Each structure stands twice: as structure tokens, then as C-alpha cells.
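Worksheet: one structure, shown below.
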Amino acid sequence: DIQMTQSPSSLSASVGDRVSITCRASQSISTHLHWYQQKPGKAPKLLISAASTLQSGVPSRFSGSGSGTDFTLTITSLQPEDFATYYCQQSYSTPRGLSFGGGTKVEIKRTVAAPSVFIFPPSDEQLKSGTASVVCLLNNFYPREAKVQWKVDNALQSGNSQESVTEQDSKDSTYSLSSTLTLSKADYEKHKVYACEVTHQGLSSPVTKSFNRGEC
Amino acid sequence: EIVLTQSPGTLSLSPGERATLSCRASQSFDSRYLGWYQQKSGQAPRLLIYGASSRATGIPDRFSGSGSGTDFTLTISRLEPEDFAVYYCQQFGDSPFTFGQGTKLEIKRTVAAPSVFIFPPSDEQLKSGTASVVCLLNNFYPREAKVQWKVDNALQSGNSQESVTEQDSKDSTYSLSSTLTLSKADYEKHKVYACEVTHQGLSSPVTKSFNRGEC
Amino acid sequence: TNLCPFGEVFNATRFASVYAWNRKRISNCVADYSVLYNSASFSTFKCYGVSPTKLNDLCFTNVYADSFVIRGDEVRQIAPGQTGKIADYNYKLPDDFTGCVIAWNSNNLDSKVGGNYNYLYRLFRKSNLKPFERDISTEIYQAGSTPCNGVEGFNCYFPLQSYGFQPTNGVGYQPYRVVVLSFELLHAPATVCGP
Amino acid sequence: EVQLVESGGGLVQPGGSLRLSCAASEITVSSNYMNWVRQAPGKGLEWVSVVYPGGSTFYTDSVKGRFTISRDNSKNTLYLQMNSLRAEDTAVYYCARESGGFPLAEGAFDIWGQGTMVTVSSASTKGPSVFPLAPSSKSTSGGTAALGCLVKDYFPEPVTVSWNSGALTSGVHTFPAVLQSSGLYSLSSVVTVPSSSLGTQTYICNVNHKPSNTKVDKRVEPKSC
Amino acid sequence: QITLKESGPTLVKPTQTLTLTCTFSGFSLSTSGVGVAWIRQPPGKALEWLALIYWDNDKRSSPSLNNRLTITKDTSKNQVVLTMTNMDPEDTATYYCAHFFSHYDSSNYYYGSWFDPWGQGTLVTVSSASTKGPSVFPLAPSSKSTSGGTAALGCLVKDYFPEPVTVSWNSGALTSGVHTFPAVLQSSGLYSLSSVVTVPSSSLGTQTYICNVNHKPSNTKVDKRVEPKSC
Ligand SMILES: *[C@@H]1O[C@H](CO)[C@@H](O[C@@H]2O[C@H](CO)[C@@H](O)[C@H](O)[C@H]2NC(C)=O)[C@H](O)[C@H]1NC(C)=O
């Protein structure tokens, strides 16, 4: 029942920087800890074994240290291909206690960019079949941290919002976000105003985007 | 291997106040693997704390220890005149077992002005082919002092040696001897020899000179 | 008189590794199990086919004492019907086992401040061991299709691995000394039994 | 040529059964510690089962009594039989070798397979519906306009969305699909284009779904308020 | 209460071997958890652990020096012998043997371990030289009248080998303001120290000062008189 906690959850670094990741166990596990690296869509690859031993075929920049209840993985010079997810796995519990860590993700660091906000009310084709979907879109923002609130005719909404986010793109290394409300047409026709409030680090004040159904 | 760095290198206080010493480890090991030792002048080390927090038998309550991760500390509250020595941190976590570089605990006093005394080589030495000129700095605090030998107003370098005595037990001061060695051909080829002292307690550099022809 | 020499087994200066466990024959003596059972130094005293208080009455043809040192968390594997690395490749007990198992913590004796690496166990083996079977072969283990000729490499490993006993290890990875007693009552006249 | 290849994943109803195979090359299944490890979509790794060189088998508590791990020496294969499957078993399964590596990493997985996907659902496979999202009524807005498509109510994954038969690629974001409450899936695909291009260029939206053989093409055009 | 004592030839010629013996009393190498360790300290430098031997004949050595270190134990006569081969001139140091023990509490919990009592330590010098007598030179005081009623004088003790040298003043009857700086090793493998006594200016001619130097390895006893000299 040994559980492993990884710190931090995510880490932003640039090319040529030094990076350190920590793995902590609820009880001492001696040196029975291993470090794996996984890239999206692929199987994990073993990097470090016994918390200190480098595996053959692994670049020498990776190193590991620690013992007892605290362990660390260090990358000295971060090449552009080292942006992946990293896991710590213990082999201390003898019969059936094998467990992995939560995982730490590494992404490219850059400046701050303010998202562009667009809104799409439901279409008449959608309303032919009795569906209502209202979609608010944020484009090209960094960092990923942003929050969106939904206002139905100037009242708070909760529980009817689905949110999706895109991974860092290969040319500008930013993210995109799309939020949607799903409702029935009876829940739509009664109200008149709808709005999405978006708040981001690069925004001086929260930005609203609203539409009134009666006018258009 | 594991490298242990002690902080600070030298720590000077008066009898009565509190002293704090730090030992930092390159790697991370269990806290039960670190101990503290004390060594006086011309003696053998004695165990002072083991396990980073457990006192040895006979050690007074003044000494305390506490640490974790990669940093450990030793504390003395009421230090007496017999508490001034060198202190080492030692680890058993990983072979080979290593000690710290040491930290000296020095008694603090008022600043003293060094006194300079000159000595040209004597006949018993100026007959044997080698001559040694020596000047002495006496009764100065703190330990730092700068010595410069000059021959015919030319600054010598690499041909002299220095010796410092231990902190004097009654004045908490120091004495320093500077020796410069040459041969007879190197000796009788110049006229006036001097040494210069620079110190915190001296407002200006002090140069003491002697001419072999006159005296 | 002529009491059985149980002091030369439990109080031995050094023990054997689990893959090369030690076996001792006890016969032609009188055995007092009361001192063994009433001792408070034993963490595990477990037995199955006999009643622990009735050992002083039963009389057997001979006794076997098997001794070794293992990890703290693997003591549960020294029992009939168990599975694991120790039970499958190091020391196997029969399902109809008679006799019993004693185990105690020996952290102060078998741990060294820099690490003790003198105790080994087998990790690689093609098949399970028969009960009470010993294997001390140290030939290179082939894990692939290309046969290596005695040189270690990618898919050819030395089959014995060392424990990492160390005084700061938690309870579970600290050394434990284990003695297993097996009682044989044969058609021959009984020889080992107490007052 | 050390290699592990998985096969046999797919979609089953809750309470169904499945069989996964792992074919090995250059390593002998009967001579190594062989493990099955699963990863849920977006979650971390989780150990499932192990088989020893001598034949002993071990399972985690979640799957005990429902999963069975087996070997085959003639074909050099590993097998996982799964019974009474449930929605929590939807994941990607990996066949892995334990305690290998050149320095003999004990307890670590050094060789992994590609993985195979197992989906457990009762969603009654059906094809996606496409709804246009027309750019809003704005003249220039700094030379930035956005239009897109919404793909709703389909099962199962995946689905492929393309614009103008692949003639437009710049500024296209296809958001990952999200599993909605009814068990179906939805996603959106948007593109940012200059406002002056909204009148001349013709915009085609293509959505292709293989399991339902649903292929839909549509046109996105601004409306007048 | 236990004691440890070091013994052996303190003078070693270069690239031969040294053998040191530690004799201990108050404990025996038959108790569990008892060890004997060897540590060394160069003059003015930090301590360096050399070797360790246990009660069960288990031994540990520094990996950098494992090639040329041997350690043996004799329990009957309570001795531990350390042998080092291929000696260098940078291995001159002071060698200690120390008692090693650990702490457990009836459940084997290990509250740490230590190097409790150390030996007196023996000074070992490794160089190619010959024992020769010291030469003393009188550093007479400056030809000064009063200079505030304070002057100083003394001796320079040059060209002696090996260490140490015992220097006294006025047969030890004078101990006020006597400073004898530690001897330094020169570029020729040869030693030299000083000895200075501070005296009042008016006392230059009324009291005759003698500096006495004694050197056991060369068995040299020299008394040098110091008096002021003029220009
Ligand atoms: C192993 O040795 C220990 C100690 O030498 C024995 O324990 C002692 O047993 C006697 C009984 O005859 C007691 O009086 C002592 O107090 C015990 N000492 C300790 C420290 O426990 C133990 O009996 C021996 N075991 C065997 C099987 O002979």
C-alpha cells in the first residue's frame, strides 16, 4: 500500500536549463526506485534503475540520487527532445505491492500571450432536432492556466459546461481552449442573454463575450 | 563519494554568547548516520554527539544537535573558556566514511597593534655560506596580517617563509615570524633590507628597514 | 543426561544464505522443547502438524534442523502451500509438513554500517524446486535465444543476487534468522524425545 | 531483434469477455518474468498481472477472480483472458518484461510492447452529426475571424475531421473528443481565417467515421442578423 | 574505561612499507558490534578514515587506498596490525586507532554509531634524509636605547632532522613572553624554527640570556648565549 508522490505536477523549462524532479514515499523503501520516461502515444522507457544506476543507451545528462524516503532525478542540459512525462516506480513491497507515481510533465517555456475570444450560439439546424449548444473559444494563450465562467442572462452557471484543451503547438507553443453548454430548446427559448467570462494571467481584467438572442 | 561542507570556516565569539555550526551534505542520507567530534590543540578527538541528536556519556547539556535532509546544526548556549576548539561532522551513510573540513572556534578580544622587531643574520650564520634575515610581528589581533619583504626597495617574492604561533593563552593575540634566506653572493650584492607590515589595527603600512653597512 | 545440542544451532556464530541453507541431524539425545518455546526472543514460532505443548511427549526417530537468513517480509513464505521467489527457487516445504518454524530478528548481528552484502538468494531458475531440494549451481542464466558461452551480457545473467542489509532499514527489509525443525518417525526405533 | 507485439483489443459490452495475445521475439516467454500493465486514458500506469518463469501467477486485487494469465511455449506467446468486463477496465494494455537490462535492473520493466486498446461500453455504435459554427457578424475585427464545425453524438472513437479536402491546414485546431454523459462523444474543429476571406473562399467541412461508415461533407456560411 | 596505544617504527624511507600496531585494553574483539578503526590526519589538515576491522573478521578499507592496505587482528594478545605499501612523501601524518561501537535497544533500532576512544596517535614521516645535528644562530636584539623600554631577542634553529626539537630559555627559569613558532619544512626536506623572548630595553646588559636546544634523534644539546651587538 506504498503510495508515491511526485513534485512538481508540471514544470516549465527552456533549452539548456537544469531540471530536478522529486519522488517521495510514505515509508522508507531503501533504493528500490526506478525512473521511466514516456512520450505521448508511446510505451514508457526505462531511464534509471536502483535510483542511481544509468541504463545502457541512455544519454549521460540524466542522473539520479536519493535514498530512504526521498529521491531525485536531475537533467543537466535539457535537449529539445526531453519534453516528456516522467514516472517513479517502486519495487519494495515483495508479493503484490508494485506501484507507480503520479507523473511529472515537462513543457517548453515562453513569454505571455493573451487569448483571442470567440463565441458561437447554437444553429437553426441544431435547433431543428431540439438541441442547444453554446460554444466559447479561446485561442493562442500562455500559460495554460485560465478560467471560464458561463452566464445565462446574467446568472451563474455550473454543471452544464464541458471543456477541452489542446496541447502545445509546434510553432508558437501555446494552448487553445473550448467550452460548451448543452441545453434543451425549452431551456433556451425562455432566456435572452448568454455570455462567457474569460480570465487569464495576461489579461489586465476579465474579458466578457456576450450575445442577446432577440437581436440576432 | 559524499562531501560534507561546514559553515562557517571560522567563527569568533566572546566567552558567554551562543555558537551555531552548520554541516551540509552533498547527498541525502538518514539523520542517524551523522556525528559531531571536538578536537583541541595537540590532543586527540573525542566523540561529542552521535546520531545527530544524541549526546555521549559525560557531555554537558550545553551541546545540542539537530538536522535532517541535507543540513545539520550544532548549538552551544553557554560556552566557557574550555569550549574553544575545532569541530568536525562525520557521516557513516556511504563508504568511504568522511569527516568535515573543520570549524575553528576563536575567542574574540580588542584589536591589538603589532610590534615589529628586525634581525639581520649573525656571524655564526654569516660564516657558513647562507644568510637568513628575520622580522617578527608581535601581539596583534586578529590573525590576519600582510608581510612584504623588500631588498634595496625591490619587493621580493617566492624566497621567504612564514610561521604563525597559536592564539596566546593570556592575551588572545598572535605572533608571526618572517624569514628570508639567501646565499653569500646573494647577500653581499645589496645594501638595505626591510620588511613591511599591513594590519587592520595599523592606520598605515609600517616598514622597518636596516642597512648592513651601517649596522 | 546427554541433552540434545540445540545451542550449536540457535546460537551459531554465523548462518548460511538461503540458497545454500544448512542442514543438521539430531539423534541419540534427549530434547527439551520447553526452553525453546518459553523463550521471549522469538518473533515467529509457528507449527502445524503437532501441538506445540505436546512436543515433550512425542518421540521420533530423528530430527532435522535447517538454518538460514532471509528478509523480514519473506518469513511468511516459509510455510506449506506458499508461493514466491524464496518458496519456488530457494527453499520449498512439503504440503504434508510436520515440524515447525522459528524466526527472530537479528538486525544487530547481520547489518553493517556500510551495508552487508554477504547474503545471497537465487533469482533466476527454469523450474520450481522439489521439497527439501538444494541447488548451488552458479552457471550463467540464458534468457534469450542466442546461447552465451559463459560471458555475462544483455540476456545472460548471474543467477544469484545479494541482499542489502543496513541498520537503518525499516522492519521488513531487516535480516531474520530462521530455523526449521523436521521430525521423522520411521519404522526404526524412536531415538529423539524428552523427559 | 527483441520485440513484443500485442493484439486482440476491441470493444465489448459490460459483462463480456476478451482475449489478448503478446507475441515475443528473441526473448523466451517461459524463461522471464512477464507482466501485463494497463493505463487508463489520461491517467497513470497501473500494474495488472505477472507470471513467473517457474509458473506462479499473481494478480492485483481489482481483477482477482476475473482475469487469467497464461503462456504458450510452441508459439512463444503470452495470453490474458478477461471475463466479466466492466467500464473501469477501459484502457490500453501493455505486455512487459521484468528484471532485465544490461546492468540487471531488478524489479524494473526494460522491454515494453506497443499496447492494445480495450473499450467496455454499451453505447450502441452510431455515426456522428455535424453542425456548422459560422463566423460572427463582424467587418474586419483586426483581420481575425474564426469558423468551425462541431461533431456530436458518435460512438465509438476515433473520427477524422478535415477542411476543404486538406487544402487548408494553417491555423486549424481539432480539439480532443470528450466523453459526454450519455456515453457518446463530441469534439470541435475550428480554424482562424482573415475576415476578408469569408466572402470569396468556399469552406468545406469533412467528417469521416470508420466504425459507422459515416462520411459527411458540409458548408459553413455566415448568416445575416 | 578503555585505552588504546599505537606503536611501530615512526621513520619510513620512501616507497617501502610501514607496519603499525595498536594494543588495546578494556575490551575484547569478541563482543558483537565491536570494531577497531584506523584514521590519519596530515599536519594541519582534515581527518581521513583509513580502515576498519570487525569482530567477525569482516574488514573495510578506503576504496582509493584498498590497493595497498592490509589489516589483521590478534584476539589472544589484543592487537591490531595495519600494513601499508609503497609509501609516498605526502603520507606523512599522525595515525590514530579508535574504538568503534553502535547502539541498539533490545529491539535492534540503531540509534547511530561512533568512533569512541581514540589513541594517543603516532607521528609518521616519510622522506629520504639523514639525521643531522641542528645549528643555532643568535638573533641578538636591535641596537636601540629604549624604544619605549621594550625589545626582543632570541635564536634561530636551522638544519635539523627529524622532528621534534625541545627549546628552553634560561634553563626554563624564564617563561614570560616566550614564543616558539612551529618548525616549517623547507624545499630541501629540512627543518627550521625560531624562539623569541621579549625583554625590557634596560635589561639588555644586566641579564645574560641562554637558549637551550635539545634534539633526541641527533642526540644534540646546544646552549647559545644571546647578547646585544652594536653597529
Ligand atoms: C543462546 O544463548 C543465550 C545467551 O547465551 C541463551 O540465553 C540464556 O539462557 C539462560 C538459560 O540457561 C538464561 O539464564 C540467560 O539469562 C539467557 N541469556 C540471555 C541473554 O537471554 C540461550 O538459552 C541460548 N539458546 C540455546 C538454544 O541454548
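Per chain, numbering begins at 1; letters A, B, ... match sequence-line order.
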Task: A:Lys185 (side chain) donor-acceptor with A:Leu127 (main chain) under 3.5 angstrom - done: yes
Open item on the list: Is A:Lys42 in contact with chain D via its backbone, its side chain, both, or neither, using a 4.5 Å heavy-atom distance?
Closed with: backbone
Task: Option in A:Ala50, A:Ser176, A:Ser91, A:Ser49 with maximal non-hydrogen atom pairs under 4.5 Å from chain D - done: A:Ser176
Open item on the list: Quick check: closest heavy atoms across D:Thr174 and D:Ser189, and the distance to 0.1 Å?
Closed with: OG1-OG, 3.2 Å
Open item on the list: Can you tell me which portion of A:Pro44 sits under 4.5 Å from chain D's heavy atoms? Options are side chain, backbone, both or neither.
Closed with: both
TODO: Measure A:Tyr36 against the heavy atoms of chain D and call it side chain, backbone, both or neither at under 4.5 Å.
DONE: side chain
Task: Which atoms of D:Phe109 approach chain A - backbone, side chain, both or neither, heavy atom under 4.5 Å - done: both
TODO: For the residue pair A:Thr72 and A:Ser65, confirm or rule out a side-chain donor-acceptor distance under 3.5 Å.
DONE: yes
Task: Taking every non-hydrogen atom, the tightest pair across A:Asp187 and A:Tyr194 - done: O-OH, 3.7 Å
TODO: Select one option (side chain, backbone, both, neither) describing which atoms of D:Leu104 are under 4.5 Å from chain A's heavy atoms.
DONE: neither
- [ ] Could you tell me whether the side chains of A:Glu197 and A:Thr208 share a donor-acceptor contact shorter than 3.5 Å?
- [x] yes
Task: Which portion of D:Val130 sits near chain A, non-hydrogen atoms under 4.5 angstrom - done: backbone
Open item on the list: Between A:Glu81 and A:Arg61, does any NZ, NE, NH1 or NH2 come within less than 4.0 Å of an OD or OE carboxylate oxygen?
Closed with: yes
TODO: Check whether D:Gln180 gets within reach of chain A through its side chain, its backbone, both or neither, counting any heavy atom under 4.5 Å.
DONE: neither
Task: D:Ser141 versus chain A, the contacting section by heavy-atom distance below 4.5 Å - done: neither
TODO: Give, as side chain, backbone, both or neither, the part of A:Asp124 having an atom under 4.5 angstrom from any heavy atom of chain D.
DONE: neither
- [ ] Using a cut-off of under 4.5 Å on heavy-atom pairs, state which of D:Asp61, D:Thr192, D:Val50 scores highest against chain A.
- [x] D:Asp61
TODO: Ignoring hydrogens and angles, tell me if any N or O in the side chain of D:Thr116 forms a donor-acceptor pair with the backbone of D:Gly9 under 3.5 Å.
DONE: yes
Open item on the list: Looking at D:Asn76 and D:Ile27, would you say the former's side chain and the latter's main chain have a donor-acceptor pair under 3.5 Å?
Closed with: yes
Task: Heavy-atom contact with chain D under 4.5 Å, split by part of A:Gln90 - done: neither
- [ ] Give a yes or no answer on whether the side chain of A:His200 reaches the backbone of A:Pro143 with a donor-acceptor pair at less than 3.5 Å.
- [x] yes
Open item on the list: We want to know whether A:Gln162 and D:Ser186 form a side-chain donor-acceptor pair, criterion being a heavy-atom distance below 3.5 angstrom.
Closed with: no
Open item on the list: Which atoms of A:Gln89 are under 4.5 Å from chain D, going by heavy atoms: the side chain, the backbone, both sets, or neither?
Closed with: side chain
TODO: Under 4.5 Å heavy-atom distance to chain D, tell me which part of A:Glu167 shows up: side chain, backbone, both or neither.
DONE: neither
Task: Pair D:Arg97 + D:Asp110, salt bridge at N-O below 4.0 Å - done: yes
Task: Heavy-atom proximity to chain A below 4.5 Å, by part of D:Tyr94 - done: side chain
Open item on the list: So for D:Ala134, is it side chain, backbone, both, or neither that comes closer than 4.5 Å to the heavy atoms of chain A?
Closed with: backbone
Task: A:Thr182, part contacting chain D, at a heavy-atom distance under 4.5 Å - done: side chain
- [ ] Looking only at non-hydrogen atoms, find the nearest pair between D:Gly113 and D:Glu6 and report the distance.
- [x] CA-OE2, 3.2 Å
TODO: Please determine, among D:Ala146, D:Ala96, D:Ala105, D:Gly148, the option with the most heavy-atom pairs under 4.5 Å with chain A.
DONE: D:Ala146
- [ ] Count the heavy-atom pairs under 4.5 Å between each of A:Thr53, A:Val135, A:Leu137 and chain D, then report the option with the highest count.
- [x] A:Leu137
